[PDB]
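Working notes, beginning with the structure itself.
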Amino acid sequence: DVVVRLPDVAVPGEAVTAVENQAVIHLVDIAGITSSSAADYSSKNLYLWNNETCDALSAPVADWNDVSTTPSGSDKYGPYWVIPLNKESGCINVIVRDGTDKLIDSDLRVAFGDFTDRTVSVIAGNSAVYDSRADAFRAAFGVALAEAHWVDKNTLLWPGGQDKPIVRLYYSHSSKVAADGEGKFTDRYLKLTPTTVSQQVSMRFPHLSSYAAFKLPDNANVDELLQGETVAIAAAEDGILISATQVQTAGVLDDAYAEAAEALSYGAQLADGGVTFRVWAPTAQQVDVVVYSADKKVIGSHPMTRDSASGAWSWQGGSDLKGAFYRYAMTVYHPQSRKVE
Amino acid sequence: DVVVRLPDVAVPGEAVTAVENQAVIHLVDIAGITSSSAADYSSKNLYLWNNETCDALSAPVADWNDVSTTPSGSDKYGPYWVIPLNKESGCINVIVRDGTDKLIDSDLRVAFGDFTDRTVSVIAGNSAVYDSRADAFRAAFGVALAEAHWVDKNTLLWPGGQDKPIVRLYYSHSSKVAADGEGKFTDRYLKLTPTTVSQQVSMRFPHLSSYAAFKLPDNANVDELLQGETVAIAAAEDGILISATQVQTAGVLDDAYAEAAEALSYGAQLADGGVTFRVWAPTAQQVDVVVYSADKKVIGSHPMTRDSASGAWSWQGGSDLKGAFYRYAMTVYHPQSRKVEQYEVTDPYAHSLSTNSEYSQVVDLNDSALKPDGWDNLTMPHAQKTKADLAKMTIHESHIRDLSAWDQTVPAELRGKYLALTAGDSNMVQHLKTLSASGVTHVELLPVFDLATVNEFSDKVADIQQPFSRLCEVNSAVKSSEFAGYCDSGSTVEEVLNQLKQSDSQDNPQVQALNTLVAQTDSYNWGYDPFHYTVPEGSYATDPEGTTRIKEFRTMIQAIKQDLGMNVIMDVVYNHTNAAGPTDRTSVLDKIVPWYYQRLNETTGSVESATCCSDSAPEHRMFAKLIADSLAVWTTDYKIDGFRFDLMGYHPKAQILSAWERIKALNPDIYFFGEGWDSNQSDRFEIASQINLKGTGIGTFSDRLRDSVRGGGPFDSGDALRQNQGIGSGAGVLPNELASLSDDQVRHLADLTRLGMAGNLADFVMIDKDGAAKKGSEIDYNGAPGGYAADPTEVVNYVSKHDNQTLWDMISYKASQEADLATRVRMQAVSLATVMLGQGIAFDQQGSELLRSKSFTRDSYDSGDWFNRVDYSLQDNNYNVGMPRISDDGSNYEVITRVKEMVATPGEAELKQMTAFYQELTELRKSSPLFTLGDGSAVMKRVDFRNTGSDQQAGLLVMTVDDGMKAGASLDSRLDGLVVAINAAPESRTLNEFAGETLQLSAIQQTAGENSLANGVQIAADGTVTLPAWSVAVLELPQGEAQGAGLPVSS
Ligand SMILES: [Ca+2]
Ligand SMILES: [Ca+2]
Ligand SMILES: [Ca+2]
Ligand SMILES: [Ca+2]
């Protein structure tokens, strides 16, 4: 079975080091590194300008129509601009363009107190600034956006994986799905097969009905998959990565747990027989009730019991707890940070 | 399933009228009007700014982050901004935004001389400016532009349909897709689903890779869809139309039919067993062959058989059809007119035509009847097998009228004809005969394929040779002009023109005023206006009706190769067609397969005009096939030795190489070269440019040496034409009153010249203007690498060509008042020596040997017999014969007057002196294999220069070529080495570099004597050389019965 791997291109090493009273911005050309023939970087230009916030620039062109700020050089990886500075402190305003059109959506602000080397790298439509061409390249041939949708136990909707020869659902419980030192996707995966959007699904998510449907294997352990990270991967017949995206799982959470979860009571339910603590957290790796004094000192930490049908966690304590302070101590993967928080 | 419908909203009426010293821009909010809810226009702002072009703004915010320029008000239709002005004249720079994001892709430029009211309207992502909110709204809620791209059977690319809830492909076979009386889109459609751009697609169309991809249904009948109209529609969840656009289908046509279509033969293929008619028309609803008599009466109308795999239509008839006239009667939807057009079109694969290319003719080019005697056994007089064979190439770029229009020794009926080359006893023929004998190897013919720009009907044309009365009969305009009085005179147009010279001045440009009118009804055009690619031009024939042209053209080829002993280069124009659209008489390709053969704008679908005219698409499979098949015919049926591609940069490098490999199977020694300038098509494909063609074998014209020797560059106008002197105008050495060129500026031109003389190689190491050792690619040429080639055979050096000022005219503009007629004649020769004695391929304009002048005409394409005159009777160089065309040279009249009278006009003596010099230089070029090394590695191992560095003497060009033992093999059995010395300075110079070297002046130059360019060159027994002013010397190192050490290169 084919291994998903990065394009056979070595990781870049800056090519140009930023010297005193001058900064260097690298454009990591994805279309340029995907090779065949040499690229014309004439059309590429930076609209550079001084403002109340970022004023460290030295002689920035006023004219927006001025495409004259062409690359100070290039190579396989893409062009670069050696920008002259006024002061080695502060920041600069860079708008990366191909003619009179923005390549990066957001107006970049290069804070020299964030990138000590002044050698920085950017990718088209990325908005992010990298300290290295390497860090950028890895990001370019990796997991970006949250294009895929796990809408039910069996179905994953993704337009990016449409007509692609290799479509997989990679997963990692305690780490991020990434490429190793060899640029291979070694993390466990599941093979996805093209299917058609269910009648039930189309109803639920009319805004996704047009999206490309994929059937998950029957052996798939839905529950343990939702314990951590999942990433939808599209690759060539040979295994060269086309796309890697994060997965939106609310649909499957409703399909797998909501029926059972809906039939339970939530909060710190103080009734006759004591107090039942219940929190719905179907993805949480661990949940504990932390009980505090009035002085907010820990009086008890109790790991909760998970109900598999619902993904709800509970813990029963005495009626003595009436008035006690508490919080739930979570252990959960957050897709915004890509970490187990 | 949702019905797409119009919004129930009345057409808007501006709401705000622009008053004095203030403009008003309306944003027509589509999302705002499709919504019954109120909109927050806070986020909306204009980035307004003053520049050298549009400066009429009053107080524009500098900060790009400044979103403070919010709307000056709003309503249902959208917001508006009341912009304060400085002046009611000029223009303003508006960037319409929603935060710090451009709403309109292009930077708007509001010209107040285009919109009188200053009340203007714009739509998001539209780029267009409307005079009214109404005009905008109509455009917004209509099928508008050609934004969508059907790139393959399954894929439709459209940014307008991105993130939209409803995306559909509406279609109509016999009608336009529109909204009914209820405002509904009732026409059949297909549902499109979001997908990603295929790897295969991204390769093919890199310029669309960023565009939003949509998958077509699997039930889609691609074939029947391409039978008529298709429209891409984007709508709301409720079905209110957001956008409706036309579809560009060339991509799918290549994907669905090109594989099969590529494997067929096109035209009226007359072979054994009859004649097969085949036309590719994959969208045509119907195609019929209409067969005509000689009187052009219909003899038969035969509906053709469509092959579904290819979209090609065919019809087989008897061999009786040999010579019959025909056209294809089309029934096809044209997206420009949005209608199913019905017209009769000529064959794009026509090989013979009627007068003025009205009808195609069935022909057999292999017929003895169409061949001059012994055509079948005609061979190439000059070899082209090796790089060394190629390097010997010495081109003379000629034009059919330019050659024989004025030569009296050519029988009248043959003047301006192919047959003129047969006039063995003419001044022109005998001149070429002597040039050939002295070393001119190739004849380049300016357009001889079927041009559109000359009426082939004798009686709808009048030339200067004929009475003025004829001019008025043909030209309606002349009867109502400042020359109307001459219609009564019994004098010729030639006569009247010489009369106008007498009072011609910059303030009274009467010579050119009449010429402009003559030029509309003349027989004179360069011909860079293709009608049919694979038929000779008929106006250069004695009779343009039928096959006569084929035998005549061939007769000219035989004369050039056998009687003049020179190879033939045909100038080719595949970059454009003369016209497109369903109406133009000269549109052939665009009438048959609309929107296929032409390069269209990505948004509007308008045929691009980057080349001038109607940009063709060599990137599309069938047009690439057309080009190759065309070149095959000129190769074997016409026996052409080489091809020069007009604006070759507009072609994909892959296409040029493909055609080249294909043609090589018919003639392995075929040469391809062209103008490989940047075309700006790199967004679309790897262009066939000077840079991109390094090591391919395809040659390109080098502008590096050209500009260094000539002075300045093209686009120079006004005093710059005098200020920008060259090495050959005396830049630095003998400056003119207007010159301000620095010593380093002058030294840099020497650097570029030297590099050029050594075949403009990217890897050739030399000592620069500062004394640094630099590779050819490291020497700058206006931001570009100077050197670019792998071998000198990939470079064509020149100092004159049909386009731009003649060499003489440039010297007249650039030479110091001090430079007398005698020194300027030598200045021409000196300029030419850099080309003639350099490793690269020598190219030159016909007439340079006769100090040719166009009396300062820059773009002589339609300046007729008058300005483009070449006097083969040698009385004058056609200098000062009137003020050139106002339209293109008016801006240079003041400069012309300043220089025009500075020196005398050449006469029989000067022209004879220049011819002698020219013959000298070519003889020299053919005098040693050392001048034409061919291989880049040979150049680097043998070629080096002296008088280099920071301390260099200006105007002295010294080149050394090794044949010594350290170079390798003895190439010249007589020589050990070579020295080329060019003293482009008014002061005589000295050469002590070859200290004690035993040198001798070329026998070629010694024979010449007082008429030599080396006349006065001293070679002291002690190896010291004294070079007179404005002189060129070939100093040779004789070999002594064994290869000694010669002139070894250093570093
Ligand atoms: Ca013609
Ligand atoms: Ca004309
Ligand atoms: Ca373009
Ligand atoms: Ca020798």
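Each answer follows from the model by the rule given with it, or from the source it names; these are not laboratory values. Using ideal geometry, Cβ is built from the backbone for each residue, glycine included, and neighbour counts are taken over all protein chains shown.
Listed values, structure above:
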{"quantity": "Among the candidates B:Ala56, B:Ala38, B:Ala10, B:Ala111, residue that is more than 14 Å from chain A (Cβ to nearest Cβ) and touching a residue at least 40 places away in the same chain (Cβ under 8 Å)", "calculated": "B:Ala56"}
{"quantity": "Scope region B:1027-1051; condition within 16 Å of ligand 4 (Cβ to nearest atom) and part of a loop (DSSP other than H, G, I, E, B); matching residues", "calculated": "B:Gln1039, B:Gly1040, B:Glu1041, B:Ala1042, B:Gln1043, B:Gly1044, B:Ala1045, B:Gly1046, B:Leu1047, B:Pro1048, B:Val1049"}
{"quantity": "Qualifying residues in region B:942-967 (those that are under 20 Å from B:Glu997 (Cα atoms) and not in a strand (DSSP E or B)) - the one nearest to ligand 4 (Cβ to nearest atom)", "calculated": "B:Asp963"}
{"quantity": "Helices (runs of 4 or more DSSP H) contained in region B:699-805 and holding at least 3 residues among the hydroxyl-bearing types (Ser, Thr, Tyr)", "calculated": "none"}
{"quantity": "A:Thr70 being away from chain B (no Cβ under 11 Å) and over 19 Å from A:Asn51 (Cβ atoms)", "calculated": "no"}
{"quantity": "Sole exception among (1) under 26 Å from the mean Cα position of the chain (by Cα); (2) touching a residue at least 60 places away in the same chain (Cβ under 8 Å) for B:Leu517, by number", "calculated": "(2)"}
{"quantity": "Options B:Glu494, B:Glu537, B:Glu482: the member that is charged (D, E, K, R), surrounded by fewer than 23 Cβ atoms within 10 Å (Cβ to Cβ), under 21 Å from B:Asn455 (Cβ atoms) and assigned by CATH to the domain that holds B:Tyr638", "calculated": "B:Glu494"}
{"quantity": "Among (1) away from ligand 2 (no atom under 16 Å from the Cβ); (2) in contact (Cβ under 8 Å) with a residue 12 or more places away in the chain - the single one B:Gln502 does not satisfy", "calculated": "(2)"}
{"quantity": "Among the candidates B:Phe931, B:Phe917, residue that is surrounded by 19 or more Cβ atoms within 10 Å (Cβ to Cβ), within 14 Å of ligand 4 (Cβ to nearest atom) and in contact (Cβ under 8 Å) with a residue 24 or more places away in the chain", "calculated": "B:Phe931"}
{"quantity": "Residue tally, condition within 16 Å of ligand 1 (Cβ to nearest atom) and either touching a residue at least 12 places away in the same chain (Cβ under 8 Å) or closer than 20 Å to B:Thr922 by Cα (or both), over region B:419-458", "calculated": "13"}
{"quantity": "Test result for B:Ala437, of a type in the set (A, V, I, L, M), out of contact with any strand residue (DSSP E or B) (no Cβ under 9 Å at 6 or more places or on another chain) and more than 22 Å from B:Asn525 (Cα to Cα)", "calculated": "yes"}
{"quantity": "For B:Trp280: the one exception among (1) more than 20 Å from B:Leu626 (Cβ to Cβ); (2) in the same structural domain as B:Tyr333 (by CATH); (3) crowded, with 23+ Cβ neighbours inside 10 Å", "calculated": "(1)"}
{"quantity": "Output for region B:670-682, where each listed residue is touching a residue at least 24 places away in the same chain (Cβ under 8 Å) and buried (at least 16 other Cβ atoms within 10 Å of the Cβ)", "calculated": "B:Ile670, B:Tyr671, B:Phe672, B:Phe673, B:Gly674, B:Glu675, B:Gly676, B:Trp677, B:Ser679, B:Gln681"}
{"quantity": "Extreme residue, farthest from ligand 2 (Cβ to nearest atom), among residues of region B:518-564 that are part of a strand (DSSP E or B) and out of contact with any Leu (no Cβ under 8 Å at 6 or more places or on another chain)", "calculated": "B:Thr534"}
{"quantity": "Helices (runs of 4 or more DSSP H) wholly inside region B:408-515 that include at least 1 residues being in contact with a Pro (Cβ under 9 Å, 6 or more places away or on another chain)", "calculated": "B:427-438, B:493-501"}
{"quantity": "Filtered residue count, region A:235-252, keeping only those that are more than 12 Å from A:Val143 (Cβ to Cβ), more than 14 Å from chain B (Cβ to nearest Cβ), of a type in the set (A, V, I, L, M, F, W, C) and surrounded by 17 or more Cβ atoms within 10 Å (Cβ to Cβ)", "calculated": "1"}
{"quantity": "Region B:690-736, residues that are among the charged types (D, E, K, R) and under 30 Å from B:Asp669 (Cα atoms)", "calculated": "B:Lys694, B:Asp703, B:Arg704, B:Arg706"}
{"quantity": "Qualifying residue in region B:481-491 (condition: of a type in the set (D, E, K, R), more than 16 Å from ligand 1 (Cβ to nearest atom) and touching a helix residue (DSSP H, G or I) at 6+ places or on another chain (Cβ under 9 Å))", "calculated": "yes"}
{"quantity": "Positions within region B:938-958 being under 10 Å from B:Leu1047 (Cβ atoms) and surrounded by fewer than 21 Cβ atoms within 10 Å (Cβ to Cβ), in sequence order", "calculated": "B:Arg946"}
{"quantity": "Filter result (more than 8 Å from every other protein chain (Cβ to nearest Cβ), over 30 Å from B:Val67 (Cα atoms), touching a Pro at 6+ places or on another chain (Cβ under 9 Å) and surrounded by fewer than 18 Cβ atoms within 10 Å (Cβ to Cβ)) within region A:18-32", "calculated": "A:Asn21"}
{"quantity": "Count - residues of region A:183-203 that are in a helix (DSSP H, G or I) and either surrounded by 15 or more Cβ atoms within 10 Å (Cβ to Cβ) or among the polar types (S, T, N, Q) (or both)", "calculated": "4"}
{"quantity": "Condition check for B:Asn126: surrounded by fewer than 21 Cβ atoms within 10 Å (Cβ to Cβ) and either in the same structural domain as B:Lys164 (by CATH) or part of a loop (DSSP other than H, G, I, E, B) (or both)", "calculated": "no"}
{"quantity": "Among (1) of a type in the set (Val, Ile, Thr); (2) surrounded by 15 or more Cβ atoms within 10 Å (Cβ to Cβ); (3) more than 25 Å from B:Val94 (Cα to Cα), the one test that A:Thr116 misses", "calculated": "(2)"}
{"quantity": "Qualifying residues in region B:653-676 (those that are within 29 Å of B:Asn601 (Cα to Cα) and touching a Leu at 6+ places or on another chain (Cβ under 7 Å)) - the one nearest to the other protein chains (Cβ to nearest Cβ)", "calculated": "B:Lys653"}
{"quantity": "Single residue of region A:291-323 satisfying the filter (aliphatic (A, V, I, L, M) and crowded, with 17+ Cβ neighbours inside 10 Å) that is nearest to A:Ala256 (Cα to Cα)", "calculated": "A:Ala312"}
{"quantity": "Conditions (1) over 29 Å from the mean Cα position of the chain (by Cα); (2) within 16 Å of ligand 1 (Cβ to nearest atom): number failed by B:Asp563", "calculated": "(2)"}
{"quantity": "Residue list for region A:73-101, restricted to those being part of a strand (DSSP E or B), surrounded by fewer than 18 Cβ atoms within 10 Å (Cβ to Cβ) and within 11 Å of chain B (Cβ to nearest Cβ)", "calculated": "A:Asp98"}
{"quantity": "Filtered residues of region A:215-234 (kept if in contact with a helix residue (DSSP H, G or I) (Cβ under 7 Å, 6 or more places away or on another chain) and within 14 Å of chain B (Cβ to nearest Cβ))", "calculated": "A:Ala232, A:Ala234"}
